[PDB]
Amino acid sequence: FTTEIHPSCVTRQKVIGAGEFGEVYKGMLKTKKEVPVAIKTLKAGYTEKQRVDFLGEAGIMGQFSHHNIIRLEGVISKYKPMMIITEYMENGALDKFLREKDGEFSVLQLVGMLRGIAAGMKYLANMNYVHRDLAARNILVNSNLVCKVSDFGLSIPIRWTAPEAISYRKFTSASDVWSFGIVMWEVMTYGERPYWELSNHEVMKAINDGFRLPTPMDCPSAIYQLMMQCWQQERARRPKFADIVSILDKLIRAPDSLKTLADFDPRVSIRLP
């Protein structure tokens, strides 16, 4: 089912990711000139469960075909080490990207990133795939600024996780919507750490007591309203991803709607005579 690629078509050029069981490489793929790819390996000695999880991720990604979901090129399973080969996202993980490009984008660009992520999540949820770990660190960015959801499989990141998922392990597309709200806040803040220095227990306590992340600086009122509704305690009151995509598409198509900003509560006062 998945395209099987011969090892002689794959050149690993540089490590770009953390590797217990293997590494993630930037490389080139023969398929016409070579195309850049990302390459994930599974080193000899892997267990049965590691093999199932590894090839499981490629199995899941091969079932998807969407602009905002990482595209699978193929696998090496007949030879060792085994490999998963995907498109190469030139700008890396979204969280690191925003932190290293602080203030460099327009509000419309930032909201377009969110629309892309939302479109990918709507596709995943409609396909009956619950991500469970939606966060900017799991979004990849290419040279067109397109954001793609990544990190698939099954087998807790507290400050991204909905209360019902923390409290009793109920992970659904509605808990992914909560996470998407955190991702909205990450994007509009250029990669700020959610809840800043609060401990995990302090975050859970604050959420359970009704507190929510404050408005980012320079944040459209419509965008803050939307992320606040992603954070409703009652799951059934959260927007569906179809609602999120619709709202973001309308804001982008009428971009003056983004010029109305939510008030920012300053932590500091500077007074000048």
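Numbers follow the displayed sequence, beginning with 1. Whichever C-alpha set is largest while still superposing within 1.5 Å between the two forms counts as the rigid core.
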Higher C-alpha RMS shift from the shown form in 9 other deposited structures of this protein - 229 to 237 or 57 to 65, rigid core fit: 57 to 65
RMS CA shift, core-fitted in 9 other deposited structures of this protein, bigger for 165 to 173 or for 144 to 152: 144 to 152
At least a third of other PDB entries omit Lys33: yes
Count class of coordinate-free deposited residues lying between the neighbours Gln50 and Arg51: none
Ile156 preceded by how many uncoordinated deposited residues after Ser155: 10 or more
Per the entry, higher mean C-alpha B factor between 69 to 77 and 161 to 169: 69 to 77
Per the entry, higher mean C-alpha B factor between 206 to 214 and 41 to 49: 41 to 49
Top residue by Cα temperature factor, when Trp231, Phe64, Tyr224, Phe54 are compared in the entry: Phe54
Entry-reported Cα temperature factor of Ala236, expressed as the chain third it lands in: highest
B-factor third for the C-alpha atom of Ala242 within its chain: middle
